[PDB]
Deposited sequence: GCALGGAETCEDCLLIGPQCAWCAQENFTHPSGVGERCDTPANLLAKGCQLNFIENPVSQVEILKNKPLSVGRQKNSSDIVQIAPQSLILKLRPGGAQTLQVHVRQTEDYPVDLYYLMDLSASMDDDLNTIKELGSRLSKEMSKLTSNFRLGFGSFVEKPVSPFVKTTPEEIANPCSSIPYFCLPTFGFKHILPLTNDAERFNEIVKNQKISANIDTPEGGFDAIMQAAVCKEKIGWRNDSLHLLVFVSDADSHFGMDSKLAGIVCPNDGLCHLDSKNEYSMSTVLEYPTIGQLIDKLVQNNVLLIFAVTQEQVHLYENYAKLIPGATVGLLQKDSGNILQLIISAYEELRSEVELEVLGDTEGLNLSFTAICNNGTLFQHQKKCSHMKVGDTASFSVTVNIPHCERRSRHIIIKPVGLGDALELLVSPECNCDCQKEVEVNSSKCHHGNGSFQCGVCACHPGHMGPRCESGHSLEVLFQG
């Protein structure tokens, strides 16, 4: 088992396996299971064998019932742990999540304003009030903002004659505004009549190719926290409303744009995305990075022709969902409520930080202790219900640096801070006792019952010279 080739040093013995021990001073092959060492005369004090262990630093109980104070909400427990993991060993952490009955909700309404959405505008003239009234029954802190997108205003996605630049629908004829990439119009606010006002004042633009530049707008809405107005410790619902395909990545190469998106905020004085004509459309990989980092839940409200496409996209994006939008947005309110209700009916775990090279296993314990499932998600639960998770972490090889890891439910601010610290050293390694008599008249150091010979000396006790 743990008597294999190598393993002639305590540290060497530590890495071959997690169940193996070391012995000192034989009061050859000291590295074997701990029971065997006691059988062969290794005393309890002398036996050496670190084991993975957890330290709980913060474990405030989960908050029960509606909390009048935001600071007493506790939706995940524990909240801070230390995990000392021996190489090749695994420790299972128990994580408990519970959604508080009253949690604030930010909703950013991001809308396609190409020409095919003129009807959609006429039917949402009072969505701000309708939506906020329905959301008032579910949360006491609902805020909403608005932004619009069309396309990168460059050839070959727009006509570039003076007439069509000034009015891209001049040929129709119809009153359109010049094509634009992303307009952040209304930051998040509780004033729902203000939402109504700005929607009523909106006018459509146009462009000539079917796929639109929503991905540019999604990125900005997710990253521009201050200007969008995302508040901490609340839900972040980004509602992407379109009836069309989406440009991505190097599609912009046609327009001569070949500098990749940088995932940074670029809203100018007019609150317009200024790099629209400078940076490539974001890739799916890039949008994932920034949506998770900013804890933004994406909701694709798209027409029937586009659902299957955006569902495949939502498969890749954590927490993303899809709703089937009528051609005139007549049912957008129902979509949003359904999405919010599905969200409050689930708990999905998320593990962020220095996780590369780690092994993770997830087991979900829903419906109190009755149901066990090997996912990171508990569904069909009533707000107030508790979802428990068994997370196992394994470090394949020993490392010299600790890892900062965060475990949190998708879409929720509350997080568990986890530090993974390696333990691939022995207690006896520090007591070197250099130039010991035991290693032939000071020709080595007695470390853990074996001699660490000095340069130029060989043998178990360092008794030969070369």
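- In sequence order, the gaps in C-alpha coverage of the deposited chain fall at 28-34, 474-481.
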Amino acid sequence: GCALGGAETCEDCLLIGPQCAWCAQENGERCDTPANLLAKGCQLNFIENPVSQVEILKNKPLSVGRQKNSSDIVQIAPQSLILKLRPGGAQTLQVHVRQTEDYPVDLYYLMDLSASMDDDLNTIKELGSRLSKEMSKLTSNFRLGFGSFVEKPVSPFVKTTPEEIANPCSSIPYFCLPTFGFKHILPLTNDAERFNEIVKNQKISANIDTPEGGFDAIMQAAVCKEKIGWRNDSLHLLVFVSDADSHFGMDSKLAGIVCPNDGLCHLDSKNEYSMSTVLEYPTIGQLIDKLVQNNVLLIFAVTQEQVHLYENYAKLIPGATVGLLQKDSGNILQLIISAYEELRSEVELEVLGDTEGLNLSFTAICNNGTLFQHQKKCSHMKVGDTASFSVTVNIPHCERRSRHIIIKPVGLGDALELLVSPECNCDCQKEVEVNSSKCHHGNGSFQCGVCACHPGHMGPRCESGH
From here on, numbers count along this sequence of modelled residues.
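- Of the two stretches examined, 104-112 and 135-143, the record assigns the greater average C-alpha temperature factor to 135-143.
- When 173-181 is weighed against 189-197, 189-197 comes out higher, by mean CA B-factor as recorded in the entry.
- By the numbers in the PDB entry, the CA B factor is greatest at 72 among 216, 385, 341, 72.
- For residue 369, the recorded CA B-factor ranks within the highest third of the chain. Only modelled residues enter the ranking.
- The PDB entry assigns residue 88 a C-alpha temperature factor belonging to the highest third of its chain's modelled residues.
- For residue 354, the recorded CA B-factor ranks within the highest third of the chain. Only modelled residues enter the ranking.
- Residue 205 sits in the lowest third of its chain by CA B factor, as recorded in the PDB entry.
- Per the PDB record, residue ranking by Cα B-factor puts residue 319 in the lowest third of the chain.
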